[PDB]
$ cat target_33.cif   # mmCIF, N, CA, C and O atoms
data_protein
#
loop_
_atom_site.label_atom_id
_atom_site.label_comp_id
_atom_site.auth_asym_id
_atom_site.auth_seq_id
_atom_site.Cartn_x
_atom_site.Cartn_y
_atom_site.Cartn_z
N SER A 51 -89.50 -21.49 103.96
CA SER A 51 -90.73 -21.00 103.32
C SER A 51 -91.48 -20.01 104.21
O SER A 51 -91.99 -18.98 103.72
N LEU A 52 -91.57 -20.31 105.51
CA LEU A 52 -92.32 -19.44 106.41
C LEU A 52 -91.71 -18.04 106.51
O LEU A 52 -92.44 -17.05 106.67
N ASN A 53 -90.38 -17.95 106.39
CA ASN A 53 -89.73 -16.63 106.41
C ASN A 53 -90.23 -15.73 105.28
O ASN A 53 -90.59 -14.56 105.50
N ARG A 54 -90.28 -16.26 104.05
CA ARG A 54 -90.75 -15.48 102.91
C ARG A 54 -92.22 -15.12 103.04
O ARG A 54 -92.63 -14.03 102.61
N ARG A 55 -93.02 -16.02 103.62
CA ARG A 55 -94.42 -15.69 103.88
C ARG A 55 -94.54 -14.46 104.78
O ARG A 55 -95.33 -13.53 104.49
N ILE A 56 -93.74 -14.42 105.85
CA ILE A 56 -93.74 -13.27 106.76
C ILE A 56 -93.36 -11.99 106.02
O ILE A 56 -93.98 -10.93 106.20
N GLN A 57 -92.33 -12.08 105.17
CA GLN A 57 -91.86 -10.91 104.43
C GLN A 57 -92.95 -10.32 103.54
O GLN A 57 -93.17 -9.09 103.53
N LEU A 58 -93.65 -11.18 102.80
CA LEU A 58 -94.70 -10.71 101.90
C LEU A 58 -95.84 -10.04 102.66
O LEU A 58 -96.33 -8.96 102.26
N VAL A 59 -96.27 -10.64 103.77
CA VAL A 59 -97.36 -10.05 104.54
C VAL A 59 -96.96 -8.69 105.11
O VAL A 59 -97.75 -7.73 105.09
N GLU A 60 -95.71 -8.57 105.58
CA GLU A 60 -95.24 -7.30 106.14
C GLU A 60 -95.23 -6.19 105.08
O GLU A 60 -95.65 -5.06 105.36
N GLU A 61 -94.76 -6.51 103.87
CA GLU A 61 -94.73 -5.49 102.82
C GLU A 61 -96.14 -5.03 102.44
O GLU A 61 -96.38 -3.82 102.25
N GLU A 62 -97.08 -5.97 102.34
CA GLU A 62 -98.46 -5.59 102.02
C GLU A 62 -99.06 -4.70 103.10
O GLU A 62 -99.77 -3.73 102.80
N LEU A 63 -98.77 -5.01 104.37
CA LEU A 63 -99.28 -4.20 105.47
C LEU A 63 -98.74 -2.77 105.40
O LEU A 63 -99.48 -1.80 105.62
N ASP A 64 -97.44 -2.62 105.09
CA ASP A 64 -96.85 -1.29 104.98
C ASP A 64 -97.50 -0.48 103.87
O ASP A 64 -97.77 0.73 104.03
N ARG A 65 -97.76 -1.12 102.72
CA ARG A 65 -98.46 -0.43 101.64
C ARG A 65 -99.86 0.02 102.08
O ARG A 65 -100.31 1.11 101.71
N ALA A 66 -100.54 -0.81 102.88
CA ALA A 66 -101.86 -0.44 103.38
C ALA A 66 -101.81 0.80 104.26
O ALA A 66 -102.65 1.70 104.13
N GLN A 67 -100.82 0.87 105.17
CA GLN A 67 -100.69 2.08 105.99
C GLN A 67 -100.42 3.32 105.14
O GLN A 67 -100.97 4.40 105.43
N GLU A 68 -99.58 3.20 104.11
CA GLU A 68 -99.30 4.36 103.27
C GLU A 68 -100.56 4.86 102.56
O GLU A 68 -100.81 6.08 102.50
N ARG A 69 -101.36 3.93 102.03
CA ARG A 69 -102.59 4.33 101.34
C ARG A 69 -103.57 5.01 102.29
O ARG A 69 -104.20 6.02 101.93
N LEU A 70 -103.71 4.48 103.51
CA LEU A 70 -104.60 5.11 104.49
C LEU A 70 -104.11 6.51 104.85
O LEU A 70 -104.92 7.45 105.01
N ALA A 71 -102.79 6.68 104.98
CA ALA A 71 -102.23 7.98 105.32
C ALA A 71 -102.52 9.01 104.24
O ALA A 71 -102.84 10.17 104.55
N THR A 72 -102.42 8.62 102.96
CA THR A 72 -102.78 9.56 101.89
C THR A 72 -104.28 9.88 101.90
O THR A 72 -104.68 11.03 101.66
N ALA A 73 -105.11 8.87 102.16
CA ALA A 73 -106.56 9.07 102.13
C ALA A 73 -107.01 10.08 103.18
O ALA A 73 -107.90 10.90 102.91
N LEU A 74 -106.41 10.04 104.37
CA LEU A 74 -106.83 10.96 105.43
C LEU A 74 -106.58 12.43 105.06
O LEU A 74 -107.45 13.29 105.27
N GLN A 75 -105.40 12.73 104.50
CA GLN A 75 -105.11 14.12 104.16
C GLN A 75 -105.96 14.59 102.98
O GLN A 75 -106.38 15.76 102.94
N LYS A 76 -106.26 13.69 102.04
CA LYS A 76 -107.17 14.07 100.96
C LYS A 76 -108.57 14.39 101.51
O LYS A 76 -109.22 15.33 101.04
N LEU A 77 -109.02 13.62 102.50
CA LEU A 77 -110.31 13.89 103.13
C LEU A 77 -110.34 15.26 103.81
O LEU A 77 -111.31 16.02 103.65
N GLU A 78 -109.27 15.59 104.56
CA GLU A 78 -109.20 16.90 105.21
C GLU A 78 -109.24 18.02 104.19
O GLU A 78 -109.94 19.03 104.38
N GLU A 79 -108.51 17.86 103.09
CA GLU A 79 -108.43 18.90 102.07
C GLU A 79 -109.79 19.13 101.39
O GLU A 79 -110.20 20.28 101.18
N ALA A 80 -110.51 18.04 101.09
CA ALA A 80 -111.83 18.17 100.49
C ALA A 80 -112.81 18.86 101.44
O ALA A 80 -113.61 19.71 101.01
N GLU A 81 -112.76 18.50 102.73
CA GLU A 81 -113.63 19.14 103.72
C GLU A 81 -113.36 20.64 103.81
O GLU A 81 -114.31 21.45 103.87
N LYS A 82 -112.09 21.04 103.80
CA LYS A 82 -111.76 22.46 103.89
C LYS A 82 -112.22 23.23 102.65
O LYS A 82 -112.72 24.36 102.76
N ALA A 83 -112.07 22.62 101.46
CA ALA A 83 -112.54 23.28 100.24
C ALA A 83 -114.06 23.47 100.26
O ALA A 83 -114.57 24.52 99.82
N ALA A 84 -114.80 22.47 100.75
CA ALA A 84 -116.25 22.61 100.87
C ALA A 84 -116.63 23.73 101.82
O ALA A 84 -117.55 24.51 101.54
N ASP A 85 -115.91 23.86 102.94
CA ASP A 85 -116.17 24.95 103.88
C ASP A 85 -115.92 26.32 103.23
O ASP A 85 -116.66 27.28 103.47
N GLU A 86 -114.86 26.42 102.42
CA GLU A 86 -114.55 27.69 101.75
C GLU A 86 -115.64 28.09 100.75
O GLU A 86 -116.07 29.25 100.71
N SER A 87 -116.14 27.13 99.97
CA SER A 87 -117.27 27.43 99.08
C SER A 87 -118.50 27.84 99.89
O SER A 87 -119.27 28.73 99.48
N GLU A 88 -118.68 27.21 101.06
CA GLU A 88 -119.81 27.55 101.91
C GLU A 88 -119.74 29.00 102.40
O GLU A 88 -120.78 29.66 102.51
N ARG A 89 -118.54 29.51 102.72
CA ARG A 89 -118.51 30.92 103.10
C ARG A 89 -118.79 31.80 101.88
O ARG A 89 -119.38 32.88 102.02
N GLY A 90 -118.34 31.38 100.69
CA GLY A 90 -118.55 32.21 99.50
C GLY A 90 -120.01 32.43 99.17
O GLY A 90 -120.39 33.46 98.58
N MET A 91 -120.85 31.44 99.52
CA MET A 91 -122.32 31.55 99.38
C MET A 91 -122.88 32.90 99.81
O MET A 91 -123.46 33.62 98.99
N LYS A 92 -122.73 33.26 101.09
CA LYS A 92 -123.52 34.38 101.61
C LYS A 92 -123.05 35.72 101.06
O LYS A 92 -123.87 36.62 100.86
N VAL A 93 -121.75 35.89 100.80
CA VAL A 93 -121.30 37.17 100.26
C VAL A 93 -121.81 37.35 98.84
O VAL A 93 -122.30 38.44 98.47
N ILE A 94 -121.79 36.28 98.03
CA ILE A 94 -122.32 36.41 96.67
C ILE A 94 -123.83 36.67 96.71
O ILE A 94 -124.36 37.50 95.95
N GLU A 95 -124.53 35.99 97.63
CA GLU A 95 -125.97 36.17 97.76
C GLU A 95 -126.34 37.58 98.19
O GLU A 95 -127.32 38.15 97.70
N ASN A 96 -125.57 38.15 99.13
CA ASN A 96 -125.83 39.52 99.58
C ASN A 96 -125.67 40.51 98.44
O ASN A 96 -126.53 41.39 98.25
N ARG A 97 -124.60 40.38 97.65
CA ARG A 97 -124.43 41.29 96.52
C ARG A 97 -125.58 41.16 95.52
O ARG A 97 -126.12 42.18 95.05
N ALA A 98 -126.01 39.93 95.24
CA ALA A 98 -127.11 39.71 94.31
C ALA A 98 -128.42 40.34 94.80
O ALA A 98 -129.14 40.97 94.03
N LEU A 99 -128.73 40.17 96.10
CA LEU A 99 -130.01 40.68 96.60
C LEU A 99 -130.03 42.20 96.65
O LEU A 99 -131.06 42.82 96.32
N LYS A 100 -128.91 42.84 97.04
CA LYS A 100 -128.85 44.30 97.01
C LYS A 100 -129.02 44.82 95.59
O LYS A 100 -129.72 45.83 95.36
N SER B 159 -79.70 -49.91 70.01
CA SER B 159 -79.25 -50.88 69.02
C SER B 159 -78.14 -51.77 69.57
O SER B 159 -77.15 -51.27 70.12
N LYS B 160 -78.35 -53.08 69.46
CA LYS B 160 -77.45 -54.19 69.79
C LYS B 160 -76.87 -54.13 71.21
O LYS B 160 -75.93 -54.85 71.54
N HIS B 161 -77.47 -53.30 72.06
CA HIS B 161 -77.22 -53.31 73.50
C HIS B 161 -78.44 -52.69 74.18
O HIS B 161 -78.70 -51.49 74.05
N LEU B 162 -79.20 -53.53 74.87
CA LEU B 162 -80.45 -53.11 75.49
C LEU B 162 -80.37 -53.07 77.01
O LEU B 162 -81.38 -52.83 77.66
N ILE B 163 -79.19 -53.29 77.58
CA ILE B 163 -79.05 -53.39 79.02
C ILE B 163 -78.79 -52.03 79.66
O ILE B 163 -79.42 -51.68 80.66
N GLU B 164 -77.87 -51.25 79.10
CA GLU B 164 -77.42 -50.04 79.77
C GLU B 164 -77.95 -48.75 79.15
O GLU B 164 -77.79 -47.69 79.76
N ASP B 165 -78.58 -48.81 77.97
CA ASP B 165 -79.17 -47.60 77.41
C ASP B 165 -80.40 -47.16 78.20
O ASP B 165 -80.73 -45.97 78.20
N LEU B 166 -81.08 -48.10 78.86
CA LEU B 166 -82.16 -47.71 79.75
C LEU B 166 -81.64 -46.97 80.97
O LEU B 166 -82.33 -46.10 81.51
N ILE B 167 -80.42 -47.29 81.41
CA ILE B 167 -79.78 -46.52 82.47
C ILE B 167 -79.45 -45.11 81.98
O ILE B 167 -79.56 -44.13 82.73
N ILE B 168 -79.05 -45.00 80.71
CA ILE B 168 -78.80 -43.69 80.11
C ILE B 168 -80.09 -42.87 80.07
O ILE B 168 -80.10 -41.68 80.41
N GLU B 169 -81.20 -43.51 79.68
CA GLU B 169 -82.49 -42.84 79.68
C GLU B 169 -82.94 -42.47 81.09
O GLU B 169 -83.63 -41.47 81.28
N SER B 170 -82.56 -43.27 82.09
CA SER B 170 -82.90 -42.95 83.47
C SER B 170 -82.10 -41.77 84.00
O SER B 170 -82.51 -41.18 85.01
N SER B 171 -80.99 -41.42 83.37
CA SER B 171 -80.15 -40.34 83.85
C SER B 171 -80.60 -38.97 83.37
O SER B 171 -80.04 -37.96 83.81
N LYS B 172 -81.58 -38.90 82.47
CA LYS B 172 -82.02 -37.62 81.93
C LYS B 172 -82.78 -36.78 82.95
O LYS B 172 -82.62 -35.56 82.97
N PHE B 173 -83.60 -37.41 83.78
CA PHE B 173 -84.40 -36.69 84.75
C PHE B 173 -83.50 -36.13 85.85
O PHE B 173 -82.37 -36.60 86.03
N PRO B 174 -83.96 -35.10 86.58
CA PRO B 174 -83.13 -34.56 87.68
C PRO B 174 -82.76 -35.58 88.73
O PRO B 174 -81.64 -35.56 89.25
N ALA B 175 -83.67 -36.49 89.07
CA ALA B 175 -83.32 -37.70 89.78
C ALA B 175 -83.15 -38.83 88.78
O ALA B 175 -83.55 -38.71 87.62
N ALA B 176 -82.56 -39.93 89.22
CA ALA B 176 -82.39 -41.04 88.29
C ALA B 176 -83.69 -41.79 88.04
O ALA B 176 -83.72 -42.66 87.16
N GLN B 177 -84.75 -41.48 88.77
CA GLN B 177 -86.08 -42.03 88.58
C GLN B 177 -87.03 -40.95 88.07
O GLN B 177 -86.88 -39.78 88.44
N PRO B 178 -87.99 -41.30 87.22
CA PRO B 178 -88.97 -40.31 86.76
C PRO B 178 -89.85 -39.83 87.90
O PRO B 178 -90.17 -40.60 88.81
N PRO B 179 -90.26 -38.56 87.88
CA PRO B 179 -91.09 -38.05 88.97
C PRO B 179 -92.51 -38.57 88.90
O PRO B 179 -92.99 -38.99 87.85
N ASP B 180 -93.19 -38.54 90.05
CA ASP B 180 -94.57 -38.97 90.12
C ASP B 180 -95.47 -37.98 89.38
O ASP B 180 -95.35 -36.77 89.57
N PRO B 181 -96.38 -38.47 88.52
CA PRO B 181 -97.30 -37.55 87.83
C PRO B 181 -98.24 -36.81 88.77
O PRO B 181 -98.68 -35.70 88.44
N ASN B 182 -98.56 -37.40 89.92
CA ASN B 182 -99.49 -36.75 90.85
C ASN B 182 -98.86 -35.54 91.52
O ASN B 182 -99.54 -34.54 91.79
N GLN B 183 -97.56 -35.60 91.80
CA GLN B 183 -96.91 -34.54 92.55
C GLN B 183 -96.70 -33.31 91.67
O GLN B 183 -96.44 -33.43 90.47
N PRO B 184 -96.81 -32.11 92.23
CA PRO B 184 -96.62 -30.89 91.44
C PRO B 184 -95.15 -30.61 91.18
O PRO B 184 -94.25 -31.24 91.75
N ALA B 185 -94.91 -29.64 90.31
CA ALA B 185 -93.55 -29.29 89.92
C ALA B 185 -92.86 -28.49 91.01
O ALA B 185 -93.48 -28.05 91.99
N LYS B 186 -91.55 -28.30 90.83
CA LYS B 186 -90.75 -27.57 91.81
C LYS B 186 -91.14 -26.09 91.86
O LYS B 186 -90.95 -25.43 92.88
N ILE B 187 -91.66 -25.56 90.75
CA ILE B 187 -91.96 -24.13 90.68
C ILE B 187 -93.21 -23.80 91.48
O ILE B 187 -93.29 -22.75 92.13
N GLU B 188 -94.21 -24.68 91.44
CA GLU B 188 -95.49 -24.40 92.09
C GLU B 188 -95.60 -25.01 93.48
O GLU B 188 -96.66 -24.90 94.10
N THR B 189 -94.54 -25.62 94.01
CA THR B 189 -94.67 -26.35 95.26
C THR B 189 -94.54 -25.45 96.49
O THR B 189 -94.52 -25.98 97.61
N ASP B 190 -94.45 -24.14 96.30
CA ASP B 190 -94.32 -23.12 97.34
C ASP B 190 -93.04 -23.29 98.16
O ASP B 190 -92.94 -22.75 99.27
N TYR B 191 -92.07 -24.04 97.66
CA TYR B 191 -90.73 -24.08 98.23
C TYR B 191 -89.73 -23.32 97.36
O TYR B 191 -88.53 -23.37 97.63
N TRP B 192 -90.21 -22.64 96.33
CA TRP B 192 -89.34 -21.85 95.48
C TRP B 192 -88.87 -20.60 96.23
O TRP B 192 -89.67 -19.93 96.89
N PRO B 193 -87.58 -20.27 96.16
CA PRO B 193 -87.08 -19.13 96.94
C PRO B 193 -87.53 -17.77 96.43
O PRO B 193 -87.66 -16.84 97.23
N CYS B 194 -87.77 -17.63 95.13
CA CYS B 194 -88.13 -16.33 94.59
C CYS B 194 -89.58 -15.99 94.94
O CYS B 194 -90.45 -16.87 94.89
N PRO B 195 -89.87 -14.74 95.31
CA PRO B 195 -91.25 -14.37 95.63
C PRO B 195 -92.13 -14.42 94.39
O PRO B 195 -91.67 -14.18 93.27
N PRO B 196 -93.42 -14.73 94.56
CA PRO B 196 -94.33 -14.83 93.41
C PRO B 196 -94.85 -13.45 93.02
O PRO B 196 -94.46 -12.42 93.55
N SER B 197 -95.77 -13.46 92.05
CA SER B 197 -96.36 -12.23 91.55
C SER B 197 -97.41 -11.70 92.52
O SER B 197 -97.88 -12.40 93.42
N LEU B 198 -97.78 -10.43 92.32
CA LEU B 198 -98.76 -9.80 93.19
C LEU B 198 -100.17 -10.33 92.96
O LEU B 198 -100.95 -10.45 93.91
N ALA B 199 -100.52 -10.64 91.70
CA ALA B 199 -101.87 -11.09 91.39
C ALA B 199 -102.16 -12.45 92.01
O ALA B 199 -103.24 -12.65 92.58
N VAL B 200 -101.21 -13.38 91.92
CA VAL B 200 -101.43 -14.72 92.45
C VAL B 200 -101.52 -14.68 93.97
O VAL B 200 -102.39 -15.32 94.56
N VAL B 201 -100.62 -13.94 94.63
CA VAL B 201 -100.68 -13.87 96.08
C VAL B 201 -101.94 -13.14 96.54
O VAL B 201 -102.53 -13.50 97.56
N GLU B 202 -102.42 -12.17 95.76
CA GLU B 202 -103.66 -11.48 96.13
C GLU B 202 -104.86 -12.40 96.01
O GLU B 202 -105.76 -12.37 96.86
N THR B 203 -104.91 -13.23 94.96
CA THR B 203 -106.07 -14.10 94.82
C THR B 203 -106.03 -15.27 95.81
O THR B 203 -107.09 -15.67 96.32
#

$ encode --input "target_33.cif" --output "structure tokens"
Amino acid sequence: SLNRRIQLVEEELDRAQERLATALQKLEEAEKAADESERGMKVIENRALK
Amino acid sequence: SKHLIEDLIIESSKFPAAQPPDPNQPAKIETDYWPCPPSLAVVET
């Protein structure tokens, strides 16, 4: 019985690492997109004010 | 009918053991000695 308990816990842990790995790259991608919109701000604003 | 000695032995042979199981004890499926892994919902809760 203890062998199967170990197997189940190990599989759940591996799934947890995979989910964290996906979350980190999604975070980086969202941060970069926000930075890109932030640069777009001033050029659009300059054209509008002129 | 007309023999009451050994038909009770026949009735005793129906269970997996020759004696009926204890009502207090759980079944073989829920006793956590089953070889097949359980479902995700039960192990999560």

$ interface_residues --input "target_33.cif" --of "chain A" --to "chain B" --cutoff "12 Å" --atoms "only C-alpha atoms" --output "JSON, numbers by chain"
{"A": [51, 52, 53, 54, 55, 56, 57, 58, 59, 61, 62]}

$ atom_distance --input "target_33.cif" --atom1 "atom CA of residue 79 of chain A" --atom2 "atom CA of residue 95 of chain A"
25.0 Å

$ select_by_dssp --input "target_33.cif" --residues "segment 163-195 of chain B" --states "alpha helix (DSSP H)" --output "ChimeraX atom specification"
/B:165-170

$ atom_distance --input "target_33.cif" --atom1 "atom O of residue 70 of chain A" --atom2 "atom O of residue 84 of chain A"
21.5 Å

$ atom_distance --input "target_33.cif" --atom1 "atom CA of residue 68 of chain A" --atom2 "atom CA of residue 82 of chain A"
22.0 Å
